[PDB]
Amino acid sequence: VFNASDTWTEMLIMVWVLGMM
Amino acid sequence: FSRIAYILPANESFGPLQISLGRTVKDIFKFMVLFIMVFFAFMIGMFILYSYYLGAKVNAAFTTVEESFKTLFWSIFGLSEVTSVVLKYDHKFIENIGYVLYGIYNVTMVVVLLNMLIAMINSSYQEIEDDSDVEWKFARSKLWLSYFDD
Amino acid sequence: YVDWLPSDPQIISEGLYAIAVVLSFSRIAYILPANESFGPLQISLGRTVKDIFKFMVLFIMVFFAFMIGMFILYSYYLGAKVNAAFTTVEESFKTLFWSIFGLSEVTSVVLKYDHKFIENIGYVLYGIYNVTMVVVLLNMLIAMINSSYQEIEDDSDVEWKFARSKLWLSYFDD
């Protein structure tokens, strides 16, 4: 949600979903 | 004007009405909590989808969070229109994504939640019977018992 | 190297991102039944979904049946109706889906060429679809759900206990 409204956040979300997988 | 409920249950043919009203309100509280959960879930996705279209839709739709709340609230009653999904830039892919998302929200949320509510209310009714008179008597007892002391 | 497109991977990325967001926000059902006042709710929800699956299959059967006829009726009217209605299959799906909720309009049947006969045929067909499908299928669904409820009673606590048991039993081993 924080990334939704107005680079680091993108990579953090990617790392989180990689951990889920 | 809504505060009249104090002097309503003293009468005969109106007590059980009020009592079952309160009962069903207390029951549908939890269904309201789950429905706002799914509402939030759909509305965040809908605000992220059309976040980068300022002035590209037909109507003033899906531009800010306040407008998303407006449309997703007023569509529960059939008062909002489907034309709130059409675009002006071609981008046919995003257009189909939005049609699909809006439709699936509509069907799922509205239909399944309504049928759950009514079937579970008939459930919660069919188990408790014949004591509505008792509950109305208890309420009316509290009512004209509070007038004695001072 | 130096010193807005029709089909760009950026828009596709955003569009898939939206579906992924909605799915992850819907994934909260794992940590829902652990609480007290919320288990039986989820359990009856799953039960009614599994029940209405078959009603959905029959409803899409009749939907297909009506929509093929409606696409054959106005197949030879390209630019003759009032609105952009009943011209291609995608548009037929659109109107027949969005009329289930009262969001589609009746003016999606009026023509511009006179052909009064085909106009009445279309009004009759659209009306009879509306009445039959919507009303009879909804009343069947609700009466049969109250049926499937009235036979099974007092074990909702049991089912919620079984679900919650699976839930915090999966946390022990590893």
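Scoring rules and cut-offs
Residues numbered from 1 in each chain as written, not as in the entry; some residues may be left out. Chains lettered and ligands numbered in written order. Part of a larger assembly, values for the part shown. Heavy atoms only, no water. Residues with missing side-chain atoms left out of burial classes, pairs and counts. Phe/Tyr/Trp six-rings, centres within 6.5 Å; stacked < 30°, edge-to-face > 60°. Helix = DSSP H or I, 4+ residues; strand = E, 2+ residues; numbered from the N terminus. Buried < 20%, exposed > 50% of the residue type's maximum accessible area, 1.4 Å probe, protein only. 1 Å grid on protein atoms, 1.4 Å probe; cavity = no way out; pocket = protein on both sides within 12 Å on 5 of 7 lines; lining within 4 Å. Points joined across faces, edges and corners; volume = space filled by probe spheres on them. Nonpolar A, V, L, I, M, F, W, Y, C, P; charged D, E, K, R; others polar.

- Under the PDB entry, chain C has the name Short transient receptor potential channel 3 and belongs to Homo sapiens.
- As deposited in the PDB, this entry carries the title "Cryo-EM structure of human TRPC3 at 4.36A resolution".

- As recorded by the PDB entry, chain B carries the name Short transient receptor potential channel 3 and is attributed to Homo sapiens.

## Some remarks on the packing of aromatic side chains
Aromatic ring pairs: the centre-centre distance and the angle between the two ring planes describe each pair.
Stage number 1. The full count for this structure, using the stated rule, is 21 aromatic pairs over all chains.
Stage number 2. Both rings, one in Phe-40 of chain B and one in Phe-25 of chain C, keep their centres 6.2 Å apart while their planes meet at 70 degrees; by these two values the pair is edge-to-face. Of this pair, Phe-40 of chain B sits in helix α1 (residues 15–49) while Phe-25 of chain C sits in helix α1 (residues 9–26), placing the two residues on different chains.
Stage number 3. A residue is classified by how much of its surface remains accessible, and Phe-25 of chain C, at 23% relative accessible area, is partly exposed.

## Points about the layout of surface pockets
Stage number 1. Within this model, the second largest pocket holds a volume of roughly 920 Å³.
Stage number 2. Of all the secondary structure elements, the ones that give two or more residues to the lining of the second largest pocket are α1 and α3 (92–126) of chain B together with α2 (39–73), α4 (116–150) and α5 (156–169) of chain C.
Stage number 3. Counting residues per element, the lining of the second largest pocket draws most heavily on α2 of chain C, which supplies 8 residues.
Stage number 4. When its residues are assigned to classes, the lining of the second largest pocket shows 14 nonpolar, 8 polar and 12 charged.

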